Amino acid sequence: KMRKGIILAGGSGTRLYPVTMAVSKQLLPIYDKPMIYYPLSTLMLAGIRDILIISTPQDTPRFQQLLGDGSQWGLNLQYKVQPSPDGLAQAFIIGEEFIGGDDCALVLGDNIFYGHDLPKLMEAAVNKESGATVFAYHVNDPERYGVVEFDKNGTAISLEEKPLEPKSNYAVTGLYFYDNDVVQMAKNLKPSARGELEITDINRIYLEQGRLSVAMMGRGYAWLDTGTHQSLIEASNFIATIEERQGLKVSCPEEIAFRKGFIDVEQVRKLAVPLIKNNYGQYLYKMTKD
């Protein structure tokens, strides 16, 4: 009944040491919220409310302390550990029992999107019956990502993970919608070129079958880079500038839950009261005025 999604929020975070020896990348602040509120908000905006969060043995417990079972926000959250970061595709192997016979979305715990009409951008993917959908976004450094190449008619024709000679500048982002076939695909994958069970290898299987849709995410959207220390500071600054100008939050899960009807006002006021001593709780309380 509730639609399903997985947030993959593990990984070593090597590239960010020594900051991530101290704290999981997906708990770092992006301005005024931990990084994982952002991909969580994306799933909620797609209308996905049953969500499995996968992290390392050390970090899962921290996420469980941050987010709980999710009922406070009208979600159902559950959790599993990935013993080692053996690839994004292991998400479906670990989450096979959670998924059952249902479709499932996957969002990476470091993926931040923002812009106008995000839900409508996702709508076709959410309602797809058969196949898979990913989103492409023009970047200046396609060699750091999965890269999708299109023909003159705009048909996707190839996908390559971190190519030395990228065939386009379109990166495949960290949000994926699959039908139920993904689970068996993942279970038959072999560790590839970089020694990982790769999501790109799943997507390539869908592409070879003619069932991968590639939704273009235009330049009016922001897909914020979380790859380096510098870009983490840029991401924060970006959110700060939007929020302080508007006096509205970006990816505040309480607010989304409220506006989408997952929780009612009585419940928003119950969340806000114990938090009214800080700016966040004051913002939540304001919601229930009008």
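Note that residue numbering begins at 1 and tracks the sequence as displayed.
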Mean C-alpha temperature factor, higher of 88-96 and 133-141: 88-96
Higher-B stretch (mean Cα B-factor, as the entry records it), 196-204 or 149-157: 149-157
Highest recorded Cα temperature factor - choice among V265, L224, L248, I36: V265
Among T173, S213, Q72, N169 - the residue whose C-alpha B-factor is largest in the record: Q72
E243, C-alpha B-factor rank within chain (lowest, middle or highest third): lowest
Chain third (lowest, middle, highest) by recorded CA B-factor, residue given as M21: highest
Assigned third (lowest, middle, highest) for the C-alpha B factor of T42: lowest
Chain-relative CA temperature factor third for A9: lowest
Modelled-residue ranking by C-alpha temperature factor, third containing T228: middle
